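Working notes for the structure below.
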Amino acid sequence: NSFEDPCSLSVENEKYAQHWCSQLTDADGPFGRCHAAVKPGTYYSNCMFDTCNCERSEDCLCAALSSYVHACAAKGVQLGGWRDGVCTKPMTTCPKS
Amino acid sequence: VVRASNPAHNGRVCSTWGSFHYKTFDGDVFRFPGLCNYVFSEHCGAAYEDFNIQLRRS
Amino acid sequence: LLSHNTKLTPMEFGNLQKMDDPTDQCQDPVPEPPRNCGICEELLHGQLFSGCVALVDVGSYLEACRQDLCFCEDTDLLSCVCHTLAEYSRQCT
Amino acid sequence: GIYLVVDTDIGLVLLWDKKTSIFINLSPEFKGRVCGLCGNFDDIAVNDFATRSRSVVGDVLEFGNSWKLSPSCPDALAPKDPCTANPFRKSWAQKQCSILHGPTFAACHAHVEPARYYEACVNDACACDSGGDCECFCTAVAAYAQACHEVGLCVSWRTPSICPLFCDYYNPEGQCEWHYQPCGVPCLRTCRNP
Amino acid sequence: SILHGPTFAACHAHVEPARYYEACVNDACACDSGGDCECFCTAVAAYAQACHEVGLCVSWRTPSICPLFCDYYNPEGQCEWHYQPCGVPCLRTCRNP
Amino acid sequence: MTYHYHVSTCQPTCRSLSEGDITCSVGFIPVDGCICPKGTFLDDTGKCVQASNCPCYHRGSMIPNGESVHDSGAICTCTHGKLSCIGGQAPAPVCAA
Amino acid sequence: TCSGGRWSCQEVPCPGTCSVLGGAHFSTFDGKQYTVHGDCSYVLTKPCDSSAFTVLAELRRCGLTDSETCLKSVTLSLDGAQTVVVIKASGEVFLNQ
Ligand SMILES: [Ca+2]
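Chains as they are written, first to last, in this note's numbering: chain A, 459 to 555; chain B, 70 to 127; chain C, 26 to 118; chain D, 12 to 205; chain E, 2 to 98; chain F, 1302 to 1398; chain G, -8 to 88.
Printed below as a string of structure tokens:
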């Protein structure tokens, strides 16, 4: 285990990760109804690292957001309507019926 | 104390020109016709990066 | 050009040095076969750049000038090699 | 060394770096019989956030505020992000705390994880904006240095530019005895230990 | 205030500490980007050098006020390097045998 | 898929391209029915795609386009349905006695 | 329960949760969190004194660098490998090969 910081290697990647992953820690955002149930700090760190590191940044950002949403659902909190703004594509990709 | 009396310093210069011609700091000259966003030069030799330059063509 | 005891080509190295935008996915350039294509020989080897030959080798810049002359899209062959000559002058300085 | 050690006969040891650092060593005879901001010493870390009302909470602020001595003292609030409120210092912080990731502590990286120490160093350097950045940085690095020393790694990190120690200040007139020791001298001959 | 207290009491009759104190305060106020202790140490060392130039060698550095890591220069097992306010203009070296 | 009166060969697949072998009886009485048209291959999903759209396979595992694998110190990236390895081709690894 | 201004708490049965997120972020049953980018198949959970169940994760480097790890498959082994279920990242499920 080294001590790399992927967000420091790219300005645009860091900007994208900060803009789209900070919604996890935003108390007045789509995920604000869960801060009492699940602490979003670890999920925010995972979001930043994954978005800055992996080539498909949107995929890793969506994975981190979905992981936080699943943890909230496990705790009993529903955050429906959290895909407005980002991660819209999977909502329009399932089969015809 | 570091002494340097040789004005020839092409080793500290890297450049790109013409139809995707790149000259590295070490004198290597090649052609890479890439139109994407590439890291021209960044300071990866330390924990803290002093500089990071990227160039994009069209 | 050595990833792990492997001689990298300039294409591979340049693609390795890629850093893409978040929403902008980029396609790596397709390696094209040569087009099978000497103005630069007169000026680069002439006296006009003589005081520069002894310091900077001209073979790489000769090849660069040939590539620029062959790859450029207008028949201003005399005026389509200015970039390589300017770069060689910069390196000489 | 740089430490002041208070030893008690009940099994309690305190190391004090005399500026901001305290290290309380408690004997195993006190397991499950203590409380406060240091936990309850029962090998479980999640329940260490037990308030003075004897209830484990998830909010660090509530757990900390429940342990204030005076009930009339105002409750603490969540502080601003130091490197965000003070961006003009951030680079310096990242340039100074990178000692914890370089070859200086390379031998210790396999025995003590420096992630939290580096984070604390950067945060303190960003927040040490009212005077005394070097003290903040030296305390943050000395925490990791003490963690390394506890597991038997005698790593030397203090240079004349990085947290110097004035050992020669203790030399009497015409004498040279005091020397810097990274792991210290555990058994050095003295009057109380002939 | 170190530039006005007992630390530099002897030098006050030989070097005026007015402009040095003003520069100290201004630099410490303006050293807000990181490293204010360096600013303070430089500001006080200017007055210290002014004092030392006129024959007064005051010892102002303490482990809490601009410490000097002289022991860093001691070779393994040796103890030779000491702090000198006056300096040693003619220590014996092999460039001045 | 397009209908065919005479089907004596076997339906090519992306897995057939990857492994180089197909699961078939070679010789059987010709049949009829809808098959993938000539110059087209059938993927695991069930649609007919061109040779440029067939996924890469390594160790029997599907490698998506743009993904990479690390085998015996060689990094092989799957692009345009082909697994191109850094260094041209991975040499046969040799293990000491 | 509240009594005399103090909370008296009783423990209740409580299931544990382990999580592998992003292919590199692990959160154990006891809440410990870490991040290692593996390149092999690893033992996630298993009884120490038996082989009633065993969960394996195929964390493989899926990029040019060594810090881009993908979870390609999850293996659930039951009753001394007498019931093996391999679930791949593509949604395919293999029961007993
Ligand atoms: Ca506890």
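Virtual Cβ for every residue (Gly too), placed ideally from N, Cα, C.
Query	Result
Through-space distance from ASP92(D) to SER480(A), alpha-carbon basis	13 Å
Residues near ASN134(D) in its chain [Cβ-Cβ closer than 6 Å; skip 5 each side]	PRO93
Beta-carbon proximity list for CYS139(D), same chain, < 7 Å, skipping 5 on both sides	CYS147
Cutoff 9 Å: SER41(G) Cβ touching any chain F Cβ	no
Three CB pairs or more closer than 8 Å across the region 60 to 75 of chain G and the region 40 to 52 of chain G	yes
Proximity winner among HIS1359(F), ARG1316(F), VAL1332(F) and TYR1306(F), relative to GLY1347(F) (alpha-carbon distances)	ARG1316(F)
9 Å Cβ cutoff, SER104(C) in contact with chain B	no
Neighbour-count burial assignment, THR63(E), 16 or more Cβ in a 10 Å radius	exposed
Residue range of the unbroken alpha helix (DSSP H) whose run includes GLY84(C)	84 to 96
C-beta atoms of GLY7(G) and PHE20(G) nearer than 9 Å	yes
Interface flag, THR62(D) vs chain G, CB-CB below 9 Å	yes
Exposed unless 16 or more other CB atoms sit within 10 angstroms - verdict on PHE44(G)	exposed
Against chain A: residues of the region 67 to 93 of chain D by CB proximity under 9 Å	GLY69 and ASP70
CB contact below 9 Å: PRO498(A) versus chain G	no
Identified DSSP bridge partners for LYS79(G)	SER64(G)
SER1309(F) to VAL1327(F) span [Cα, whole Å]	9 Å
Cβ neighbour criterion (16 or more within 10 Å) applied to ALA1393(F)	exposed
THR36(G), enclosing beta strand (DSSP E) - first and last residue	31 to 36
Distance cut-off 8 Å: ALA87(D) Cβ against heavy atoms of ligand 1	no
C-alpha distance - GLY35(E) paired with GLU462(A), whole-angstrom precision	24 Å
Span of the alpha helix (DSSP H) around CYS149(D)	144 to 161
Beta-carbon gap between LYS79(G) and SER1362(F) smaller than 9 Å	yes
heavy atom of ligand 1 below 8 Å from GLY12(D) C-beta	no
Amino acids of chain G, ordered along the chain, whose beta-carbon sits closer than 7 Å to that of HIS1371(F)	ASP30 and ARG52
Cutoff 6 Å; reference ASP508(A); Cβ partners in own chain excluding five residues on either side	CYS518 and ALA522
Contact under 9 Å by Cβ, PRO47(C) with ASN511(A)	no
is_contact[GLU1320(F), chain G] using C-beta, thresh 9 Å	no
Close beta carbons around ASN1354(F), own chain, < 7 Å, minus the five adjacent residues each side	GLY1382
Opposing strand residues paired with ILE1376(F) [DSSP bridges]	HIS1371(F)
Validate contact between the region 48 to 68 of chain C and the region 92 to 107 of chain B using beta carbons, cut 8 Å, 3 pairs	yes
Any non-hydrogen atom of ligand 1 closer than 8 Å to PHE52(D) Cβ	yes
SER28(C): contacting residues in chain F (beta-carbon distance under 8 Å)	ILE1376, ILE1387 and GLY1388
Contact under 9 Å by Cβ, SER102(D) with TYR117(B)	yes
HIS112(D): contacting residues in chain B (beta-carbon distance under 7 Å)	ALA116
Close Cβ partners of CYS62(C) (< 7 Å) along its chain, the five nearest in sequence each way excluded	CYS95
Run of the alpha helix (DSSP H) containing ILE64(C), from where it starts to where it stops	64 to 69
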